[PDB]
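Okay, so here's the structure we're looking at.
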Protein chains: 2
Amino acid sequence: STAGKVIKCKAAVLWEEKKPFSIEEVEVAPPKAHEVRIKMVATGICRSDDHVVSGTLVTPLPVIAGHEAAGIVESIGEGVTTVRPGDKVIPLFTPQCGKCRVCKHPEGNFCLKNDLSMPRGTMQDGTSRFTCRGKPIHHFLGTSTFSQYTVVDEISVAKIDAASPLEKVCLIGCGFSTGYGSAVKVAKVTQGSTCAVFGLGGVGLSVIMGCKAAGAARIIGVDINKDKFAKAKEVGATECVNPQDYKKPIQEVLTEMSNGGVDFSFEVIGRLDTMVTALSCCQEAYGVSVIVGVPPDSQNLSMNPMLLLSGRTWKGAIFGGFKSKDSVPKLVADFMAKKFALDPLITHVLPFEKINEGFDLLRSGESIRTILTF
Amino acid sequence: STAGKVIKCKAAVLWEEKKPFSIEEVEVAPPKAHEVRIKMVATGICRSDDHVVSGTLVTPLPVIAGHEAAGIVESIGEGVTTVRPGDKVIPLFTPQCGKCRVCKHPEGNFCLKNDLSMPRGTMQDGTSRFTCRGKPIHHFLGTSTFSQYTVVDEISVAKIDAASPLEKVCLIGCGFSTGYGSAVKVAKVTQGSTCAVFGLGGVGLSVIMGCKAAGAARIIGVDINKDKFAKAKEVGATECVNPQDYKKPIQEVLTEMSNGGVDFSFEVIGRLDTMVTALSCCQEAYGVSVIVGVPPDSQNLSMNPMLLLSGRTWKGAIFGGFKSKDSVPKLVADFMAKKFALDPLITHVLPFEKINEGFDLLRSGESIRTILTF
Ligand SMILES: NC(=O)c1ccc[n+]([C@@H]2O[C@H](COP(=O)([O-])OP(=O)([O-])OC[C@H]3O[C@@H](n4cnc5c(N)[nH+]cnc54)[C@H](O)[C@@H]3O)[C@@H](O)[C@H]2O)c1
Ligand SMILES: NC(=O)c1ccc[n+]([C@@H]2O[C@H](COP(=O)([O-])OP(=O)([O-])OC[C@H]3O[C@@H](n4cnc5c(N)[nH+]cnc54)[C@H](O)[C@@H]3O)[C@@H](O)[C@H]2O)c1
Ligand SMILES: [Zn+2]
Ligand SMILES: [Zn+2]
Ligand SMILES: [Zn+2]
Ligand SMILES: [Zn+2]
């Protein structure tokens, strides 16, 4: 009943940095060629969405944020072949165009069509599908999931199992896949190894899940909020340390605890200092450190390259290294077969209209993931 | 006969930084338990030896430098099982104790018994075998090859083929193995890939040799000294670029030349700026950059961690990642079997007494490797 028509619906519009979202009516244009309009069902609150608010992650404003979500296709534009109306879908904040040199590379996943490296806040065609108060509103990472309806490019959506529980599998759209893949795919954690995970939010807990799935013998969680430790141990941490408890820098503490450095470390916070600490704490000759946290816009870290010359490997990744469109449906299928759990990440459920309370819960340190229901 | 006796011989002593080597008589003590005294036959001039002179690489002075060499065992201390008097040997500036967690790790080679991290300038037992004018003289990297005789710990020497030409295979003691391994073992260059090699000295040429051996389709040499380009092309570079010739930064040039970034880059100079440029020029999603150049003492680089978050891998290595004592004899056997060439690295052959002339050739940009012959 809405195909080819503008939809008026509620969205969470961010007009200004460091302000609450405004829940108000927007106009969502119908999909153009190779575009898909989605009725959203559930969306998670990822710290990266908060980074938009705080100006940590710069993207044009005003904007409809949200990138961790699931919904049901309302309509498809001309030439769409990979989804149909009524399909369950997860928007892909990292696209998979299938054509660029990264998509063709066996390891690569950061498709050249992404809107993360130099955000423009548009559809692929450089325009917006959103109007609010007669004003155009930017997209975010091609997804804009904080809206009852969004429009995405076909390369930014994956069809998932029709029997999927959308209020759970929305986490496959960012935090779970990112953390789990950072361990299993990017780091390639080995059986019997020692891991250190800096930051025990939804993404860091997913890193722990992946380290445990990979057979790590020791998984040391690191957080300045000791309230995070109990859940980290539930999902596989063997021990947790709070840097604030120690006189010495935590890289020295972790090096001593691991009898000369860890096999794999993960920065899952977004601070320059913890990126360098996490590198330093991995064993100097054969250690691997993976950056997962989003750094503050345009800021450089300082480090001694002798940390690398001795043999360390330093890498980072978006979305756990997963080729998004190939991987998301498989991750959903694995979830349905109980190959991993998502409930440990979900601490709070709210209606979409309580989005600002959901961000309050994240900022206070209380929540891991709040799932918003439309 | 010399066994069990002090040897008086000629060595090149560096009494203080930024001075010529002093060629004079030293006393070399006999080897203690698990030590080996070696009559030197040939030693190369590596830029790392010059770093000791320039204060780029800090190690205790006064010192007998030299780490790239080959010679013949004169005598063995009690308990030595791996070499005998008369054997051809290469000193190992990276030891292989076989017992530490690094030596037992499949991918580690920076043995914890090394004297590079935190240089003491002694034997393993914390003492020196060298005196000169009644003063103790430090060792360098457990090797000290700028001497007619040296004493090394057993874990710092490898036996090699008795028919080895020592005036060539001394390069397996540092520059060839470092560069070649950095390509084939550390980076794991792939067939059909595009490589960029920053610095076309003896080590960078050995990186090119490894990239060509691994089947790279394109190998871009980068040097500010265009006199280095002809030999780079002879050993496999498909093209060479001088950053001084361009208005743009060379990372932008190399990204354009490679249609979006190279597969593998190598820093083979020792400058913070070229370490960051080399990382930046590899493809942002799947590129790999290897640091080979020794950085200036205690200086930190500045970089944006978004370079890693998109998917790049950044690593470094000592001695090409080779486990030294296992690898050196095999590299010499491979050379004897014509699997690689060393003559392209050798531009000058001088008597040992002309060490300062050999360093002046390196500093002027006029040599690759000078081999000093005893
Ligand atoms: N690379 C990707 O594709 C990707 C995906 C998803 C999230 N992210 C980023 O990953 C980071 C974590 O996201 P999240 O799990 O949703 O966030 P979160 O829930 O805010 O978790 C971060 C955790 O870090 C802890 N912390 C803060 N400061 C320190 C410190 N100094 N030392 C140790 N712990 C500290 C903090 O207490 C919290 O539990 C954020 O920067 C996100 O933007 C990146
Ligand atoms: N990691 C290891 O185990 C290891 C082993 C051997 C050597 N090294 C280091 O590797 C580096 C190279 O050694 P080498 O080949 O003997 O030295 P080298 O022969 O002096 O070669 C260095 C090359 O870099 C070139 N160069 C200088 N500045 C620039 C610049 N700004 N941009 C481009 N090219 C430039 C220079 O012209 C020369 O051809 C040195 O820092 C050594 O200390 C490290
Ligand atoms: Zn693509
Ligand atoms: Zn996210
Ligand atoms: Zn060892
Ligand atoms: Zn060297």
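When a ligand or atom number is given, it counts from 1 through the structure's own listing order. Side chains are part of it too, since the values below use all heavy atoms of this structure and drop only hydrogens, waters and symmetry mates. So that the names make sense, note that chain A is the first sequence line, chain B the second, and so on, each numbered from 1.
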Among protein heavy atoms, which lies nearest [atom], and at what distance?
atom: atom 33 (C) of ligand 2; result: B:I269 CD1, 3.4 Å
atom: atom 10 (O) of ligand 2; result: B:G293 CA, 3.6 Å
atom: atom 43 (O) of ligand 2; result: B:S48 OG, 2.7 Å
atom: atom 37 (O) of ligand 2; result: B:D223 OD1, 2.6 Å
atom: atom 6 (C) of ligand 2; result: B:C174 SG, 3.3 Å
atom: atom 22 (C) of ligand 2; result: B:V268 O, 4.0 Å
atom: atom 19 (O) of ligand 2; result: B:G201 CA, 3.4 Å
atom: atom 17 (O) of ligand 2; result: B:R47 CB, 3.2 Å

Touching ligand 2 at all, [X]? Heavy atoms, strictly under 4.0 Å?
X: B:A317; value: yes
X: B:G365; value: no
X: B:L362; value: yes
X: B:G175; value: no

For this session: Can you label the angle between the A:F93 ring and the A:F319 ring as parallel, tilted or perpendicular, going by 30° and 60°?
Result: perpendicular

For this session: Return the orientation label for the A:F21 and A:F146 ring planes: parallel under 30°, perpendicular over 60°, tilted otherwise.
Result: perpendicular

Would you say ligand 2 has an N or O under 3.5 Å from any N or O of [X]?
X: B:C46; result: no
X: B:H51; result: yes
X: B:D273; result: no
X: B:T274; result: no
X: B:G204; result: no
X: B:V292; result: yes
X: B:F319; result: yes
X: B:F93; result: no

Going by the order shown, which atoms of ligand 2 are within less than 4.0 Å of some heavy atom of [X]?
X: B:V203; result: 6 (C), 7 (C), 13 (O), 14 (P), 15 (O), 16 (O)
X: B:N225; result: 37 (O)
X: B:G199; result: 23 (C), 24 (O)
X: B:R271; result: 28 (N), 31 (N)
X: B:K228; result: 39 (O)

Can you tell if the side chain of [X] reaches within under 4.5 Å of the side chain of [Y], non-hydrogen atoms only?
X: B:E68; Y: B:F176; answer: no
X: A:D50; Y: A:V52; answer: no
X: B:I368; Y: B:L362; answer: no
X: B:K231; Y: B:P344; answer: yes
X: B:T277; Y: B:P249; answer: no
X: A:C46; Y: A:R369; answer: yes
X: B:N259; Y: A:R101; answer: yes

Separation between [atom1] of [X] and [atom2] of [Y], rounded to the nearest 0.5 Å:
X: A:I45; Y: A:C174; atom1: CD1; atom2: SG; answer: 13.0 Å
X: B:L361; Y: B:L350; atom1: CG; atom2: CG; answer: 6.5 Å
X: A:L307; Y: A:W314; atom1: CG; atom2: CH2; answer: 8.0 Å

For this session: Report the part of B:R369 in contact with ligand 2, treating N, CA, C, O as backbone and CB onward as side chain, heavy atoms under 4.0 Å; options are side chain, backbone, both, neither.
Result: side chain

Problem set entry | Per atom 2 (C) of ligand 2, closest listed option by heavy atom (B:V241, B:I45, B:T178) | B:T178

For this session: Given salt bridge (charged side-chain N to carboxylate O under 4.0 Å, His left out), test B:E239 with B:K233 step by step and report yes or no.
Result: CA-CA 7 Å; B:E239 58 221 283; B:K233 288 178 166 180; over 6 Å; no

Problem set entry | Criterion side chain to side chain contact (heavy atoms under 4.5 Å, CB included) against B:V207, the qualifying member of B:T178, B:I219, B:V197 | B:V197

Problem set entry | Qualifying residue for side chain to side chain contact (heavy atoms under 4.5 Å, CB included) with B:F266, from B:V290, B:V288, B:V186 | B:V290

Exercise. Only one of B:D49, B:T145, B:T94 forms a side chain to side chain donor-acceptor pair (under 3.5 Å) with B:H67, so which one is it?
Worked result: B:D49

Problem set entry | Angle at the Zn ion (ligand 3) (to 10°), with one arm to SG of A:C97 and the other to SG of A:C111 | 100°

